[PDB]
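Here is the structure we will look at.
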Amino acid sequence: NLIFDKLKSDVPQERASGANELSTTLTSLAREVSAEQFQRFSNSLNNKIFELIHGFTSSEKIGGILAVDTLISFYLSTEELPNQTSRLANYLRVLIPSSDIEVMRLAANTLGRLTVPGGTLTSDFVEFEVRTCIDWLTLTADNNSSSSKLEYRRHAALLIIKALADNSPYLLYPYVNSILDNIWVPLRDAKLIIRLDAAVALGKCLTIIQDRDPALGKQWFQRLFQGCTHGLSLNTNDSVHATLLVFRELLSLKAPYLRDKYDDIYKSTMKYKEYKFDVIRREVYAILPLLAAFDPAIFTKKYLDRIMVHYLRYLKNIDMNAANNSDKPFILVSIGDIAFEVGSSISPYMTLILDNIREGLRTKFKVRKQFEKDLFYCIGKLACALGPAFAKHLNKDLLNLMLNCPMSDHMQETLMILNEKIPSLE
């Protein structure tokens, strides 16, 4: 009945499901003799779970994956571990296509876990998912036949790619240029999920390459930039932010990344109007620290002022239709992130930021509070970046308003962070 309730357990009852999983593991470990009653009971329960899954309502299906997580990674079994590998792999391969979102991660991480559970069949299975992934990713511009796989199969394929990457980098090490070739051309998709998890898989592949240190890695470090430029030349709505999604992960520079992206952002500041930039604004604010990680022109003093110019329309309203501000928390997130990455980029100009802080903190509504929930964290990053020189600015009219507010964990955390940073006001 515990596992039955795990199947008929609602999505806010995940803690109860985990507690029941721990109880099931404890009851299984309570057995002290060698027998097969528990094995046959588990097999019959798995069979009835597979019969009673409901993929249309996304219910009574995560119980099977919970049973998989119970039957794996719980004990160094010489019988329970290697005999169930193929069975659970077949179960997950059945469950992958006939399931909706929020289940692909929970199906792929278990497959990655059972790639190396102590058994004897790893490489053949891994090559099987590699073949499935490349078959799914084989897409042609003319006579489109893999367009139906773009609904759910590609995201699941990239999640399995991540599982192989973080569970066995050696097996996926030959499959690197294949992934680059299979993601460069069909990078544009229907939704953001495939692009995002493709970028995450590319970052995992970059980590694998860095750990392996292969001979002549420039053939990868320049070809990725060439593919980025090819995607940027397509200058469509998807391709504007797809290139930034690819550029999300980088650690070494040998190409004009510090030249081909500033003008890209300055030409793609807004989409259509000043409010339809929702998809790309978060990516831009995330890659601005990535752009600042190499050269904000601190000594040249030619890009810090351009960064300052970039924020003027964000200092005020962002729409002429209803006079709203949807990106005003994200914009402070961006300035705090670039402060924490490079303090010297904003150490020239902060009095305008303090004026914006005072304007925001003059009055507080629910919207002001939900937008100031990260303001304190950004201010703490900026204060840590400025260091002991942040003395005249911390004078008055700021900490009194900061304490004139309902208490939050972020509030106490940022107060103690600035306390340990500057030993001026304790």
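Neighbour counts of C-beta atoms inside 10 Å place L403, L180, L382 in the sequence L403, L180, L382, starting with the fewest. For region 279-348, a crude dipole built from +1 on the beta carbon of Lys and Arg and -1 on the beta carbon of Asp and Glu, taken about the Cα centre, is about 200 debye to the nearest 20. Scanning residues 5 or more positions from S59 or on other chains, those with amide H under 5 Å from its amide H are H54, with H placed 1.01 Å from N in the peptide plane. Put in line by how crowded their Cβ is, counting other Cβ atoms within 10 Å and starting with the fewest, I338, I307, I101 read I101, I307, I338. When only the Cβ of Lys, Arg, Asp and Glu is charged (+1, +1, -1, -1), the dipole of region 194-310 relative to its Cα centre reaches about 160 debye.
Residues whose amide H falls under 5 Å from that of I318, counting only those 5 or more places apart or on a different chain, are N324, with hydrogens built in the peptide plane.
Annotation for region 4-111: chymotrypsin sites (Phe, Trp or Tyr not before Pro) lying in DSSP loop with at most 13 further Cβ atoms inside 10 Å of their Cβ are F56, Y75.
Summary value for the chain: 8 percent relative contact order, contacts being C-alpha pairs under 8 angstrom separated by 6+ residues. Think of region 61-110 as having a plus end and a minus end, set by charges on the Cβ of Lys, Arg, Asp and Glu; of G64, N83, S98, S98 sits farthest toward the positive end of this dipole. Would you mind classifying region 210-316 by shape? Square roots of the alpha carbon gyration tensor eigenvalues, ordered a ≥ b ≥ c; an a/c under 1.5 is rounded, otherwise it is prolate if a/b is larger than b/c and oblate if not. In terms of gyration-tensor shape, oblate.
Where a ≥ b ≥ c are the square roots of the eigenvalues of the C-alpha gyration tensor, would you call region 45-159 rounded, which needs a/c under 1.5, or, failing that, prolate if a/b is larger than b/c, or oblate? Oblate, because a/c is 1.5 or more while a/b does not exceed b/c.
In order along region 252-268, the phi-based Karplus estimate (6.51 cos²θ - 1.76 cosθ + 1.60, θ = phi - 60°) of 3J(HN,Hα) comes to 10, 10, 9, 9, x, 5, 6, 10, 8, 10, 4, 5, 4, 5, 5, 8, 10 Hz; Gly and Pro are listed as x. What the phi angles of region 118-124 give under the Karplus curve with 6.51, -1.76 and 1.60, with θ = phi - 60°, is a coupling list of x, x, 10, 10, 10, 5, 5 Hz, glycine and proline written as x.
Under 23 Å of direct C-alpha separation, and excluding same-chain neighbours fewer than eight residues apart, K373 reaches these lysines: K316, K328, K364, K381, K396, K421. Helix 328-341 sits at what angle to the longest principal axis of the chain, using alpha carbons and giving 0 to 90 degrees rounded to 10? On a 0 to 90 degree scale, this one is about 90. By the count of neighbouring beta-carbon atoms within 10 Å, fewest first, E413, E60 end up ordered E413, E60.
Of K302/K392; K6/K48; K191/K267, which ones are farther than 19 Å apart at the Cα? Over 19 Å Cα-Cα: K302/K392; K191/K267. Annotation: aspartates and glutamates with alpha-carbon distance below 20 angstrom to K271 (same-chain offsets under eight excluded): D189, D238, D260, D263, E283, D319, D327.
In order along region 353-360, the Karplus-derived 3J(HN,Hα) couplings, from 6.51 cos²θ - 1.76 cosθ + 1.60 at θ = phi - 60°, round to 5, 5, 4, 5, 4, 5, 5, x Hz, and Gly and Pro are given as x.
Of the chymotrypsin sites (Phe, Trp or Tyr not before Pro) found in region 292-335, those in coil by DSSP whose Cβ has at most 15 other Cβ atoms within 10 Å are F294, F299, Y311. Local charge for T414 was computed over the other residues whose Cβ lies under 13 Å away, with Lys and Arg +1 and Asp and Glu -1, and equals -2.
The residues packed around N46, meaning those with a beta-carbon under 11 Å from its beta-carbon, carry a net charge of +2 if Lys and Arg are +1 and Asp and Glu are -1. For region 207-281, the list of chymotrypsin sites (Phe, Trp or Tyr not before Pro) that fall in a loop by DSSP and count at most 10 other C-beta atoms within 10 angstrom reads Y272.
Within the listed set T207, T363, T269, the Gaussian network model of the chain (springs between alpha-carbon atoms below 10 Å) gives the highest mean-square fluctuation for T363. I want to verify a result. In a Gaussian network model of the chain, Cα cutoff 10 Å, which of these has the top mean-square fluctuation: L52, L164, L232? Sorting by GNM fluctuation, first place goes to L52. Between the amide H of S77 and any residue lying 5 or more places away or on another chain, no distance stays under 5 Å, with hydrogens modeled in the peptide plane. Placing +1 at every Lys and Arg Cβ and -1 at every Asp and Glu Cβ, with all other atoms neutral, what dipole size does the chain have around its Cα centre, in debye to the nearest 20? With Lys and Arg at +1 and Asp and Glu at -1, about 1300 debye.
Cα gyration tensor of region 300-405, axes a ≥ b ≥ c as square roots of the eigenvalues: rounded (a/c below 1.5), prolate (a/b > b/c) or oblate? Since a/c reaches 1.5 but b/c is at least a/b, the shape of region 300-405 is classed as oblate. The GNM of the chain, with springs linking C-alpha atoms under 10 angstrom apart, assigns the highest mean-square fluctuation among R93, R40, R281 to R40.
Backbone-built Cβ (ideal geometry, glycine too); neighbour counts: all protein chains shown. Bear in mind these aren't lab numbers, they're just calculated from the coordinates by the rules spelled out.
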